[PDB]
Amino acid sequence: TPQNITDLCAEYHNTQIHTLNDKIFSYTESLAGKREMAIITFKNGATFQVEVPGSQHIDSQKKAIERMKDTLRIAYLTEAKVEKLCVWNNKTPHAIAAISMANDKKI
């Protein structure tokens, strides 16, 4: 089992780490058919999505996808500082796989 987001990311193909050390700039969610997703951006312009659930996901991910959208909403609303995101880069926008938050970390 990995002990941090960097080592978790390294277990998967087509993933990279983005280091943000920043709060989320915008949050978007949709209930439109076939676009039931969230999108977040950072102030520089970096954009990310939580993918629409689909056949690329296994059953255990269904709940985790819903959790990630809860997490991003509350993070946005509390202006919580996001440390890193693990993403799949074979999607546009990049698709969120994991998130870390560590407000007090010296950078």
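Throughout, we count residues from 1 along the sequence that is shown. Think of the rigid core as the biggest set of C-alphas that the two forms share within 1.5 Å after superposition.
In summary, of the stretches 70 to 78 and 53 to 61, 53 to 61 shows the greater Cα distance from the shown form in 8 other deposited structures of this protein, with structures fitted on the rigid core. The mean C-alpha temperature factor is higher for 17 to 25 when 17 to 25 and 91 to 99 are set side by side. Note on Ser30, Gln49, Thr71, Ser55: the highest value goes to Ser55, judged by CA B factor as recorded. In this PDB entry, the Cα temperature factor of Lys43 sits in the top third of its chain's modelled residues, the highest group. Annotation for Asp59: C-alpha temperature factor in the highest third relative to the rest of the modelled chain, per the entry.
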